[PDB]
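Taking it in order: structure first as structure tokens, then the write-up.
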Amino acid sequence: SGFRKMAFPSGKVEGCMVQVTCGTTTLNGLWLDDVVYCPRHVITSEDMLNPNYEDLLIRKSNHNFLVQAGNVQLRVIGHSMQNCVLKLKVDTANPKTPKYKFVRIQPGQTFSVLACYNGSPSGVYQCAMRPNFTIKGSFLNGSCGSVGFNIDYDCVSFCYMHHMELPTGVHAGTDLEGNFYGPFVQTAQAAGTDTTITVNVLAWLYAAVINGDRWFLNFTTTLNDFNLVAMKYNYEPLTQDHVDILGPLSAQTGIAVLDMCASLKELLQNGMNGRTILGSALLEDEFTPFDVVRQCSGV
Amino acid sequence: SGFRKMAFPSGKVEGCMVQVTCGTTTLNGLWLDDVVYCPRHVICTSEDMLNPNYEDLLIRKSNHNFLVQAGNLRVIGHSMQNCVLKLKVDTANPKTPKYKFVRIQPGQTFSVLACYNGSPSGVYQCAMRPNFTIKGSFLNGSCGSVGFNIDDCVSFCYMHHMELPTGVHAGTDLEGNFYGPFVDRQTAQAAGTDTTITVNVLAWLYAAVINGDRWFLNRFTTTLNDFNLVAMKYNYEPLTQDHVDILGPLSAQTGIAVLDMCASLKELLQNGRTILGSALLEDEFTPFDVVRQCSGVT
Ligand SMILES: *C(=O)c1ncc(Br)cc1OCc1ccc(Cl)c([N+](=O)[O-])c1
Ligand SMILES: *C(=O)c1ncc(Br)cc1OCc1ccc(Cl)c([N+](=O)[O-])c1
């Protein structure tokens, strides 16, 4: 019973968090095998306005990089820049390296973030890659290098590394190969208009029904008619593959996807009239259909 | 920037999670030093759950009736302390962190590492409600999962025991004493009237102001007494002077007096926009939680 925004257990990622210092800049890094991954902007405030990163790295040597893993000091024997991440080769392989992969997720997918400062964990929480490729996280100065991940049974899938806090107050970063999610690269950078992850909202309504919350159940509708309503309310268009992913939840609940779409159409056109769903007064869109299944089945 | 419901990093607790089996009942256990702690109802059959005589049931079981799984342990002793089983094992957990057993107060927060068959499944932050229930996510098989705070030292405060028909959850401290009026028996058990943790709501309003959301801020004032008259009507817990003292540091950081924040809350209750992306008033961040997240304590 119950339904919570649930993060993956973070023990496997905690063992890979180290502290990287260049000059006076200190941030977090990720230590897997004999390589430490960290944001490349670790290399001044004057540089923050228009850095020629290739030119700034040139002036750097291996001993200019201080990688600390708890109390032990790692010696850097090589450095290279891949897109927007630094890769520092160290003389020791991380003995706590889990089975891992680097994955680039799609907008709408969820992951857990282990927020870190000075290489030490401070907290873990679940969030989602918004359609405009930002995330609404909790990141203070010093959190850069914190990574987002999914755990697919024993294997850690690193998908995010924190790089920046936009003036909007939302956050942007890269995958573990250094490619920013979205158009982001210290200048004014506008994120796109954010929209609601429709397939996630529908999955969350399935979670509600499973947990006894059914007052919003109604009508039917077509994929097209619902999408016309979804476009008006800044909702992502619902495709047939979204309907297929919602299959298992439809079978378990006995509620056809297009029937749930009609209930959501009503919820969008009429609002919630002060009622709550799973203790929320808003429509929640940061649970994937896989998230709902995992929590309700207990994987 | 930002404010999230944030759980403690769970690595230290993961290393203490084992799987405990007695007969056909399997649930989670906590392995610290040479002792495995688990709910004592692991020894009950389904017929026993309606009126178990735990002493009579434990008497008929021996050490070898307990199969303790630590990933892929021999039990050399068993004892019953209130509602928890204490299984002495021949091996001390090499991953035992520095730990303490603590009994928290209503309104305090902790992280829950939800587990099934001794394997972690997820971590989330919740609060001990005033009626001593928690609004968690617990399926059958989750019993033995523990709630904790981290101060290098892990403070274990909760062990899950039962899912009420209400859909809320109840458990004990690590000494076996239930939070609330609940017993480990399958009968209808009523939780109290739940109330809103007023001091937590005020802390969350400070987090909002810290993060740029200030529209709810007024110029009115109030006394502790007048505010409590309003709070009583809306099923809010009464705010004492100790609660005003706890909110001191947040007042200093924001420059907003505690009683001024209480006056702003008077509006929100009497008149009902979003605050930190929420359309409801959140009461599961303590003032210590807000400081920890906004100052970045690792
Ligand atoms: C960010 O995590 C961080 N921590 C510590 C220090 Br010192 C500097 C940090 O990055 C600041 C920052 C903010 C915004 C942008 Cl866009 C950049 N950047 O040029 O990448 C850096
Ligand atoms: C609970 O975590 C659990 N998991 C697996 C099995 Br098999 C049995 C479990 O406990 C069921 C349960 C439910 C409610 C109550 Cl009140 C009790 N109890 O008598 O303590 C047990």
Side-chain angles (χ1 to χ4, degrees), chain A residues 1 19-29 38-45 47-51 53 56 84-86 115-119 137 139-147 161-164 166-168 170-174 178 180 184-189 298, chain B residues 1 19-29 38-46 48-54 57 83-85 114-118 136 138-146 159-166 168-172 176 178 182-189 296:
Chain A
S1 43
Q19 174 201 44
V20 175
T21 307
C22 196
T24 88
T25 292
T26 283
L27 42 71
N28 303 280
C38 74
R40 80 179 169 169
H41 71 68
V42 71
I43 69 180
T44 81
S45 298
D47 296 316
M48 270 301 108
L49 285 310
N50 209 27
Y53 277 105
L56 274 149
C84 294
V85 301
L86 242 182
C116 291
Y117 302 84
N118 300 115
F139 292 106
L140 294 302
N141 185 68
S143 61
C144 292
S146 302
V147 302
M161 174 172 274
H162 180 54
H163 274 68
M164 221 195 319
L166 300 178
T168 88
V170 310
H171 310 98
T174 71
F180 261 89
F184 309 108
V185 293
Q186 170 164 318
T187 42
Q189 311 184 44
Chain B
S1 325
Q19 174 199 43
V20 175
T21 307
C22 197
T24 166
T25 292
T26 283
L27 41 70
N28 304 282
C38 74
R40 79 180 169 168
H41 70 67
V42 71
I43 70 179
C44 293
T45 81
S46 299
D48 295 316
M49 276 313 225
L50 286 109
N51 204 27
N53 189 318
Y54 278 104
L57 278 147
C83 294
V84 300
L85 241 189
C115 291
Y116 302 85
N117 298 288
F138 291 105
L139 296 162
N140 185 68
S142 61
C143 292
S145 301
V146 300
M159 173 172 274
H160 183 56
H161 271 67
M162 64 195 207
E163 310 86 7
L164 301 179
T166 300
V168 308
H169 312 99
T172 72
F178 260 88
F182 308 110
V183 293
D184 43 357
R185 177 175 147 182
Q186 170 163 318
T187 42
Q189 317 184 219

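So you know, we letter chains A, B, ... as the sequences are listed, proteins then strands, and number each from 1. Because only heavy atoms are used, hydrogens play no part in the values below, and waters and symmetry mates are left out as well, while side chains stay in. Atoms within each ligand, like the ligands themselves, are counted from 1 in listed order.
Between A:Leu27 and A:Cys38, some side-chain heavy-atom pair lies under the 4.5 Å cut-off. B:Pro52 has its side chain within reach of B:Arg185: a pair of non-hydrogen atoms, C-beta onward, lies under 4.5 Å apart. Side-chain contact check for B:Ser142 versus B:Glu163: some heavy-atom pair is nearer than 4.5 Å. Using a 4.5 Å heavy-atom cutoff, the side chains of A:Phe180 and A:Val185 are not in contact.
Looking at atom 20 (O) of ligand 2, its nearest protein heavy atom turns out to be B:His41 CD2, 3.0 Å. For atom 7 (Br) of ligand 2, the closest heavy atom belonging to the protein is B:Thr25 CG2, 4.1 Å. At the top of the distance list for atom 6 (C) of ligand 2, counting protein heavy atoms only, stands B:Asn140 OD1, 3.7 Å. Looking only at heavy atoms of the protein, atom 17 (C) of ligand 2 is closest to B:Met49 CE, 3.3 Å. At the top of the distance list for atom 4 (N) of ligand 2, counting protein heavy atoms only, stands B:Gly141 N, 3.0 Å. Shortest contact from atom 13 (C) of ligand 2 to any protein heavy atom: B:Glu163 OE1, 3.9 Å.
Atom numbering of ligand 2 starts at 1 in the shown order; those under 4.0 Å from a heavy atom of B:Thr26 are 5 (C). Contact atoms of ligand 2 toward B:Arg185: 16 (Cl), 19 (O) (distance under 4.0 Å to a heavy atom of the residue). The distance from ligand 1 to the heavy atoms of A:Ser143 drops below 4.0 Å at these ligand atoms: 2 (O).
At least one N or O atom of A:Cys144, backbone or side chain, sits closer than 3.5 Å to an N or O atom of ligand 1. Polar contact check, B:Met162 against ligand 2: no nitrogen or oxygen pair lies under 3.5 Å apart.
In this structure, A:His41 and A:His163 have perpendicular ring planes: the angle between them is above 60°, well past the 30° mark. Relative orientation of the B:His169 and B:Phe138 rings is perpendicular, given thresholds of 30° and 60° on the angle between their planes.
Residue contact check for ligand 2: B:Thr187 places no non-hydrogen atom closer than 4.0 Å to it. Judged by the shortest distance from any of its heavy atoms, A:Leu27 lies outside the 4.0 Å radius around the atoms of ligand 1.
Listed here is the closest heavy atom pair of A:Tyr117 and A:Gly142: CD2-C, 3.5 Å. Scanning all heavy atoms of the two residues, the minimum distance from B:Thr187 to B:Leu50 falls at CG2-O, 4.0 Å.
Neither the backbone nor the side chain of B:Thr24 comes within 4.0 Å of ligand 2, counting heavy atoms alone.
Going from atom NE2 of B:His41 over to atom SG of B:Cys83 covers 9.5 Å, rounded to the nearest 0.5 Å.
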